[PDB]
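Colleague: Starting from these lines, generate the structure:
(one chain, ligands or ions: 1)
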Amino acid sequence: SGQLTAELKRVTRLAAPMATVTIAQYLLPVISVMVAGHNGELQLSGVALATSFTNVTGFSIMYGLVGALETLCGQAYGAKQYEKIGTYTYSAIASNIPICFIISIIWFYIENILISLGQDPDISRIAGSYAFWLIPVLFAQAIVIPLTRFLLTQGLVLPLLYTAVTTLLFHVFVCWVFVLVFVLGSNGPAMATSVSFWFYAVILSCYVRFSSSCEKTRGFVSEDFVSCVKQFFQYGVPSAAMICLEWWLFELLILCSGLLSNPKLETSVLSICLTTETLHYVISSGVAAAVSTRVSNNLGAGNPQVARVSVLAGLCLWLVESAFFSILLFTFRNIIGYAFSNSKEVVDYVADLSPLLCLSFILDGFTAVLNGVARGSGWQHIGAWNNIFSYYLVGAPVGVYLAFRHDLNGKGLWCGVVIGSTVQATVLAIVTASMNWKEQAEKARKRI
Ligand SMILES: CCCCCCCC/C=C\CCCCCCCC(=O)OC[C@H](O)CO
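Modeller: Numbering: from 1, shown residues only. Find the structure here:
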């Protein structure tokens, strides 16, 4: 009772700003698409195919790698190794640059890749140009996302929130400018995203460089620069997979929906369900980041007990958040489809799909908090191999079978999600109960 209250206050102190941070982070591509309008059926499929490509190969890796910074910097703030936080962060930037180069090399070929996959050459040309103008966003994120974990792993969530909201409003302005006054064309939104993310880079760099809050953590020691890069890849390769295997699968999901009977019907309804799923996953990502932060810090501080109650408090947040969003959807299960489409067949499809998505809500929340525990403790490789096991070896076969042979074209798809997500939580539950907190604190000591 006395221990839960203590960490519940500090986990929530990180949970709310990072939740709003995540809201402002996913509401940025939505702003790109909305400002552009429907310039054309060709440009619609070209930009969608471009941003889907870019997210599958390059962006998921970049966003997933600094799970290494969540464990390394997160445990380093607990042991008060304040020089190593800056060393880990700037070694992450240095590591991200050659990876950005590789991804850009691959992006130069996107047109020839898509035409070889059997797509329209003109759609592949639009996608090639749009993806080519998203290259500055790669190196910009190589600066921003390590800085993101730099502020998060210490508890400086408010500078992250202020700079994120500022970046969102900036992106609204220059998307308006680029699309409406500069009339660039289809790639206007892409270049506006490059400008916005570099603005995010200079404001985060400005705060970290000129603020008293980051006086103890800013700066890197030259000697350890070779060691930290090694350690970052140690915990970067699994974490990146733990993100890629999810985004890739969701991409596979939408393509599978395009091969069913009535493809527009099932694809529109499935896009509704997964937009809803991610819209809850942003708050679920906020609670996950908070749990990862506090557990990593308590493991670094040599206190496994407070790390346990850290997990408990995050599960409490999961309970109230997931019950809230689940019951809230179920109240408007028969109307919420009207917000997405005007066809009556679609609204009833998502209406029948609503309880299964409620299960997806509570499952995604549970697996996100426990995956945050995995990132904060340092066993991300468990999460990666469980991702392949839960979604590719179980969920995808049961999802494909139920959807195609059982005349459950759209619902069967989502059933493969739920069962897969369920298996995911089950193993994530076992490994978080059997795990020794005594050793994780001692193991965190030698990591840092
Ligand atoms: C039933 C189907 C299951 C499918 C497979 C799902 C993944 C779980 C597999 C093994 C976890 C075993 C528990 C391992 C706990 C130790 C984690 C750890 O920290 O290992 C670090 C290691 O010493 C390096 O330095």
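Colleague: and residue 38, how many neighbours does it have?
Modeller: If you count neighbours by other C-beta atoms under 10 Å, residue 38 ends up with 8. Every C-beta, even on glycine, is put in place using the N, C-alpha and C of the backbone.
Colleague: Correction: the previous question concerned residue 387.
Modeller: Applying other C-beta under 10 Å, we find 23 residues neighbouring residue 387.
Colleague: In contact with the residue nearest to it when sequence neighbours are not counted, which residues are there?
Modeller: Among residues not flanking residue 387 along the chain, residue 245 sits closest, at 4.2 Å (C-beta to C-beta, 6 or more residues apart in numbering). Residues near residue 245 by C-beta atoms under 8 Å, 6 or more residues apart in numbering: 384, 387-388, 391-392.
Colleague: Apply 7 Å and report the result again.
Modeller: Residue 245 makes contacts with 384, 387-388, 391, as judged by C-beta atoms under 7 Å, 6 or more residues apart in numbering.
Colleague: contacts with the ligand among those residues, please.
Modeller: On the criterion C-beta under 6 Å from any ligand atom, none of the entries of the contacts of residue 245 sits beside the ligand.
Colleague: Toward the C-terminus, what is the element adjacent to the biggest helix by length in the chain?
Modeller: For the chain, the helix with the greatest residue count under DSSP state H is helix 263-300. With elements assigned by DSSP states H and E, the helix or strand that comes after helix 263-300 is helix 304-331.
Colleague: just the angle between that following helix and helix 263-300, please?
Modeller: Relative orientation of helix 304-331 versus helix 263-300 (axes from the mean of the first three to the mean of the last three C-alpha atoms, to 10 degrees): 160 degrees.
Colleague: Could you check helix 304-331 and say which residues are buried?
Modeller: Using 16 or more other C-beta atoms under 10 Å as the test for burial, helix 304-331 gives 304, 306-311, 313-318, 321-322, 325-326, 329.
Colleague: Point out the other helices and strands that that helix packs with.
Modeller: Packed against helix 304-331 by the contact rule (3 or more C-beta pairs under 7 Å, 6 or more residues apart in numbering; DSSP states H and E) you find helix 2-26, helix 263-300, helix 344-377, helix 437-447.
Colleague: buried sites along stretch 90-106?
Modeller: Under the neighbour-count criterion of 16+ other C-beta under 10 Å, stretch 90-106 has 90-96, 99-100, 103-104 buried.
Colleague: which ones among those are found in helices?
Modeller: 90-96, 99-100, 103-104.
Colleague: Give me the distance between whatever residue of the stretch 51-200 of the chain ends up closest to the ligand and residue 216.
Modeller: Nearest residue of the stretch 51-200 of the chain to the ligand (C-beta to the nearest ligand atom) works out as residue 71 at 10.7 Å. Distance from residue 71 to residue 216, counting by C-beta to C-beta, to the nearest Å: 20 Å.
Colleague: what angle do the host helix or strand of residue 254 and helix 344-377 make?
Modeller: Using DSSP H and E, residue 254 falls within helix 225-257. Counting by the same axes, to 10 degrees, helix 225-257 lies at 160 degrees to helix 344-377.
Colleague: re the thing from before, need the buried residues of stretch 90-106 in JSON lines (columns: distance to residue 266).
Modeller: Shown next, in JSON lines, are those (distance: C-beta to C-beta, whole Å):
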{"residue": "90", "distance to residue 266": "47"}
{"residue": "91", "distance to residue 266": "46"}
{"residue": "92", "distance to residue 266": "41"}
{"residue": "93", "distance to residue 266": "43"}
{"residue": "94", "distance to residue 266": "45"}
{"residue": "95", "distance to residue 266": "41"}
{"residue": "96", "distance to residue 266": "38"}
{"residue": "99", "distance to residue 266": "36"}
{"residue": "100", "distance to residue 266": "36"}
{"residue": "103", "distance to residue 266": "32"}
{"residue": "104", "distance to residue 266": "35"}
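Colleague: just the residues you listed now: which is nearest residue 401?
Modeller: Minimum distance to residue 401 across the buried residues of stretch 90-106 is 34.7 Å, recorded for residue 103 (C-beta to C-beta).
Colleague: What residues does this structure have near the ligand?
Modeller: 379, 382, 385-386, 389, 427, 431.
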